[PDB]
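Asks: Once you've had a glance at the structure underneath, I'll fire off some questions.
Residue numbers (the numbering used here): 2 to 162.
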(Lines of atoms letter the chains of each structure in order from A and count residues from 1; the text may use other names and numbers.)
(Lines give C-alpha, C1' and ligand atoms only; values in the text may rest on other atoms or scores of the structure.)
Protein backbone atom coordinates (compact mmCIF):
# COMPACT_ATOMS: atom_id res chain seq x y z
CA UNK A 1 0.00 0.00 0.00
CA UNK A 2 1.27 3.46 -0.92
CA UNK A 3 1.39 6.00 1.90
CA UNK A 4 0.70 9.71 2.29
CA UNK A 5 1.78 12.20 4.92
CA UNK A 6 -1.17 12.62 7.24
CA UNK A 7 -2.96 15.84 8.04
CA UNK A 8 -1.29 15.78 11.46
CA UNK A 9 2.09 15.64 9.70
CA UNK A 10 1.35 18.39 7.19
CA UNK A 11 0.23 20.60 10.05
CA UNK A 12 3.36 19.80 12.05
CA UNK A 13 5.56 20.78 9.10
CA UNK A 14 3.39 23.84 8.52
CA UNK A 15 3.79 25.08 12.11
CA UNK A 16 7.58 25.06 11.85
CA UNK A 17 7.78 26.44 8.28
CA UNK A 18 5.48 29.32 9.19
CA UNK A 19 2.77 30.88 7.01
CA UNK A 20 3.00 34.04 4.91
CA UNK A 21 -0.17 34.98 3.07
CA UNK A 22 1.43 37.30 0.50
CA UNK A 23 4.06 36.57 -2.14
CA UNK A 24 7.43 38.00 -1.11
CA UNK A 25 11.12 37.69 -1.93
CA UNK A 26 12.73 35.97 1.04
CA UNK A 27 16.27 37.07 0.10
CA UNK A 28 17.34 39.45 -2.68
CA UNK A 29 19.40 36.80 -4.52
CA UNK A 30 16.59 34.25 -4.98
CA UNK A 31 15.27 34.15 -8.54
CA UNK A 32 11.66 33.47 -7.44
CA UNK A 33 9.09 34.61 -4.91
CA UNK A 34 7.84 32.64 -1.90
CA UNK A 35 4.31 32.22 -0.50
CA UNK A 36 2.38 30.22 2.05
CA UNK A 37 4.40 27.58 3.87
CA UNK A 38 7.71 28.20 2.17
CA UNK A 39 6.39 27.48 -1.31
CA UNK A 40 9.03 28.77 -3.70
CA UNK A 41 9.22 28.83 -7.45
CA UNK A 42 8.03 29.99 -10.86
CA UNK A 43 4.40 29.54 -9.83
CA UNK A 44 4.49 32.33 -7.24
CA UNK A 45 3.20 35.51 -8.83
CA UNK A 46 3.92 39.03 -7.50
CA UNK A 47 1.06 40.27 -5.38
CA UNK A 48 -0.53 36.83 -4.99
CA UNK A 49 -2.29 36.27 -1.68
CA UNK A 50 -3.50 32.97 -0.24
CA UNK A 51 -5.18 31.70 2.91
CA UNK A 52 -3.62 29.30 5.45
CA UNK A 53 -5.87 26.54 4.07
CA UNK A 54 -4.52 27.11 0.58
CA UNK A 55 -1.05 27.06 2.15
CA UNK A 56 -1.59 23.54 3.48
CA UNK A 57 -2.67 22.36 0.03
CA UNK A 58 0.46 23.89 -1.49
CA UNK A 59 2.63 22.49 1.28
CA UNK A 60 1.22 19.00 0.75
CA UNK A 61 1.96 19.35 -2.96
CA UNK A 62 5.44 20.70 -2.31
CA UNK A 63 6.16 17.74 0.01
CA UNK A 64 5.42 15.25 -2.80
CA UNK A 65 9.03 14.25 -3.52
CA UNK A 66 9.88 13.85 0.16
CA UNK A 67 6.86 11.62 0.67
CA UNK A 68 7.80 9.45 -2.32
CA UNK A 69 11.40 9.08 -1.09
CA UNK A 70 10.27 7.95 2.37
CA UNK A 71 7.46 5.78 0.99
CA UNK A 72 9.82 3.95 -1.38
CA UNK A 73 12.05 2.50 1.38
CA UNK A 74 10.44 2.88 4.86
CA UNK A 75 9.46 -0.42 6.46
CA UNK A 76 5.73 -1.00 6.19
CA UNK A 77 5.44 -1.58 9.96
CA UNK A 78 6.16 2.11 10.70
CA UNK A 79 3.17 3.87 12.18
CA UNK A 80 1.62 6.78 10.30
CA UNK A 81 3.18 9.16 12.85
CA UNK A 82 6.64 7.65 12.50
CA UNK A 83 6.30 7.90 8.73
CA UNK A 84 5.14 11.52 9.10
CA UNK A 85 8.17 12.42 11.21
CA UNK A 86 10.57 10.98 8.64
CA UNK A 87 8.71 12.84 5.88
CA UNK A 88 9.41 16.07 7.77
CA UNK A 89 13.09 15.22 8.17
CA UNK A 90 13.52 14.38 4.47
CA UNK A 91 11.65 17.53 3.45
CA UNK A 92 13.83 19.61 5.78
CA UNK A 93 17.28 18.04 5.40
CA UNK A 94 17.06 16.29 2.01
CA UNK A 95 16.72 12.63 1.06
CA UNK A 96 20.45 11.93 1.45
CA UNK A 97 19.90 11.39 5.18
CA UNK A 98 17.88 8.22 4.50
CA UNK A 99 20.27 6.73 1.91
CA UNK A 100 20.64 2.96 2.19
CA UNK A 101 24.17 3.23 3.66
CA UNK A 102 23.40 5.63 6.54
CA UNK A 103 22.40 4.41 9.99
CA UNK A 104 19.15 6.36 9.77
CA UNK A 105 18.51 4.79 6.38
CA UNK A 106 19.02 1.20 7.49
CA UNK A 107 16.88 1.51 10.61
CA UNK A 108 14.20 3.11 8.41
CA UNK A 109 14.34 0.22 5.96
CA UNK A 110 14.26 -2.53 8.59
CA UNK A 111 11.66 -1.00 10.90
CA UNK A 112 14.08 -0.82 13.84
CA UNK A 113 11.82 1.73 15.53
CA UNK A 114 14.02 2.35 18.57
CA UNK A 115 17.19 2.98 16.55
CA UNK A 116 15.26 5.04 13.99
CA UNK A 117 14.12 7.35 16.78
CA UNK A 118 17.64 7.65 18.21
CA UNK A 119 19.01 8.58 14.79
CA UNK A 120 16.16 11.08 14.36
CA UNK A 121 17.27 12.83 17.57
CA UNK A 122 20.72 13.67 16.08
CA UNK A 123 19.70 16.01 13.22
CA UNK A 124 20.36 19.19 15.20
CA UNK A 125 23.49 20.37 13.38
CA UNK A 126 24.33 22.76 10.59
CA UNK A 127 27.89 22.45 9.23
CA UNK A 128 28.75 20.20 12.17
CA UNK A 129 27.55 22.44 15.03
CA UNK A 130 24.32 22.47 17.07
CA UNK A 131 21.72 25.05 16.08
CA UNK A 132 18.87 25.98 18.40
CA UNK A 133 16.22 25.95 15.65
CA UNK A 134 17.16 22.42 14.63
CA UNK A 135 17.04 21.21 18.23
CA UNK A 136 13.53 22.68 18.45
CA UNK A 137 12.33 21.15 15.21
CA UNK A 138 13.93 17.84 16.09
CA UNK A 139 12.45 17.78 19.60
CA UNK A 140 9.00 18.38 18.10
CA UNK A 141 9.80 15.89 15.34
CA UNK A 142 10.46 13.28 18.04
CA UNK A 143 7.10 14.13 19.65
CA UNK A 144 5.40 13.65 16.28
CA UNK A 145 7.25 10.37 15.79
CA UNK A 146 5.85 9.25 19.16
CA UNK A 147 2.24 9.88 18.05
CA UNK A 148 1.46 13.22 19.65
CA UNK A 149 -0.80 15.79 17.94
CA UNK A 150 1.03 18.47 15.98
CA UNK A 151 -0.04 21.11 18.52
CA UNK A 152 1.74 19.22 21.30
CA UNK A 153 4.70 18.30 19.10
CA UNK A 154 5.13 22.00 18.28
CA UNK A 155 4.93 23.10 21.93
CA UNK A 156 7.40 20.40 22.99
CA UNK A 157 9.75 21.59 20.25
CA UNK A 158 9.55 25.30 21.01
CA UNK A 159 9.93 24.79 24.77
CA UNK A 160 13.48 23.56 24.18
CA UNK A 161 16.07 25.99 25.50
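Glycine included, C-beta positions come from ideal geometry on N, C-alpha and C.
Would a C-beta distance cut-off of 7 Å place residue 82 and residue 148 closer than the cut-off?
Replies: The residue labelled residue 82 in the question sits at position 81 within the chain shown. The residue labelled residue 148 in the question sits at position 147 within the chain shown. Yes, they are a contact pair.
Asks: Going by C-alpha distance, which of 32, 23, 67, 101 is nearest residue 55?
Replies: Taking the first residue of the chain shown as position 1, residue 55 is located at position 54. Of 32, 23, 67, 101, the residue nearest in Cα terms is 23.
Asks: Just reading off the alpha helix (DSSP H) that residue 157 is part of, what are its end residues?
Replies: The residue labelled residue 157 in the question sits at position 156 within the chain shown. Where residue 157 is concerned, the enclosing alpha helix (DSSP H) stretches over 151–159.
Asks: For the structure I just gave you, are there three or more beta carbon pairs, one from the region 116–123 and one from the region 48–63, closer than 8 Å?
Replies: With the cut-off at 8 Å, the region 116–123 and the region 48–63 do not touch.
Asks: How would you label residue 106, buried or exposed, when you count the other beta carbons within 10 angstroms and need 16 or more for buried?
Replies: Residue numbering aside, residue 106 sits at position 105 when the chain shown is read from its first letter. With 16 or more Cβ atoms within 10 Å of its Cβ, residue 106 is classed as buried.
Asks: For residue 153, is the beta carbon positioned less than 6 Å from some heavy atom of the ligand NAP?
Replies: Ligands are entirely absent from the displayed structure, and the ligand NAP is therefore not among its contents.
Asks: Who are the Cβ neighbours of residue 163 in its own chain at under 8 Å, not counting the five residues just before and after it?
Replies: Because the chain is modelled from 2 through 162, residue 163 falls outside the range shown and cannot be assessed.
Asks: With distances taken between CB atoms, is the gap from residue 110 to residue 74 smaller than 7 Å?
Replies: Within the chain shown, residue 110 is the residue found at index 109, counting from 1. Within the chain shown, residue 74 is the residue found at index 73, counting from 1. Yes, they are a contact pair.
Asks: Helix, strand or coil: which one does DSSP assign to residue 52?
Replies: As a working note, residue 52 is residue 51 in the chain shown. If DSSP states are grouped into helix, strand and coil, residue 52 belongs with coil.
Asks: Tell me the rounded alpha-carbon separation between residue 67 and residue 115.
Replies: For the purposes of this step, residue 67 is identified with residue 66 of the chain shown, where counting begins at 1. For the purposes of this step, residue 115 is identified with residue 114 of the chain shown, where counting begins at 1. So the two alpha carbons sit approximately 22 Å from each other.
Asks: Rounded C-beta distance between residue 9 and residue 150? I'm assuming under 8 Å.
Replies: In the chain shown, the residue the question calls residue 9 occupies position 8. In the chain shown, the residue the question calls residue 150 occupies position 149. Contact flag correct, Cβ pair sits at about 6 Å.
Asks: On the CB-based measure, 16 or more other CB atoms within 10 Å of its CB, does residue 133 come out buried or exposed?
Replies: One-based indexing of the chain shown puts residue 133 at position 132. Result: exposed.
Asks: How should residue 92 be labelled, buried or exposed, when 16 other C-beta atoms within 10 angstroms of its C-beta is the threshold for buried?
Replies: By one-based count along the chain shown, residue 92 stands at place 91. When all chains shown are included, residue 92 counts as buried.
Asks: Kindly provide the ranges of any alpha helix (DSSP H) runs that are 4 or more residues long and lie completely inside the region 38–92, ordered along the chain.
Replies: Correct list: 53–63, 65–74.
Asks: Closest to residue 72 by C-alpha separation, out of 146, 4, 160, would be which residue?
Replies: For the purposes of this step, residue 72 is taken as the residue at position 71 of the chain shown. Comparing Cα-Cα distances from residue 72 to each of 146, 4, 160, the minimum goes to 4.
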